[PDB]
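One structure is given below, encoded as structure tokens.
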Amino acid sequence: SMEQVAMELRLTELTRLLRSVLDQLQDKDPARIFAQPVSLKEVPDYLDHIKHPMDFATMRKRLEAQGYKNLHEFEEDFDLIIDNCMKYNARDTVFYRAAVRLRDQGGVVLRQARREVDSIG
């Protein structure tokens with residue numbers, strides 16, 4: 001139906017906007033600490049600590065399959081990246097600190113992304 005096509009076009013346009021958001025947030029991680037999944041070869045106990053691992057590459061796979069239906073879903077995955085790191089790693093570490101700086105800088109980007117999503121519909 002035409003209604004289904006129109007809903008698909010909206011999902012495509014959201015995907016475009018979330019790709020620009022994703023690029024902008026990942027620029028706030030110049031060390032590439034959050035670029036890839038924590039390796040279970042290198043951190044064998046990780047899944048005993050962290051129940052829902054997340055990273056930018058995993059989010060990009062989901063995005064390219066148009067797997068985010070709304071901005072809330074995308075933000076959920078971004079907050080897991082930050083929140084998982086702040087639990088596993090102590091305050092005194094470069095990992096925790098990188099997560100704090102990503103959260104602080106990413107908030108700015110997400111604030112305007114929400115206005116754009118609501119504005120354009």
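Every chain in the structure tokens takes a letter, A first, then B, and so on in the order presented; its residues are numbered from 1, and the ligands are numbered from 1 following the presented order.
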Query raised in the report: Which polymer residues have any atom within 12 Å of an atom of residue 19 of chain A, counting only C-alpha atoms, with same-chain residues fewer than 2 positions away left out, as a PyMOL selection string?
Result: chain A and resi 12-17+21-26+56+59-68+71+74+113
Query raised in the report: So which residues touch residue 29 of chain A within 10 Å, counting only C-alpha atoms, skipping near sequence neighbours fewer than 6 positions away, as a PyMOL selection string?
Result: chain A and resi 35+98-99+101-102+105-106
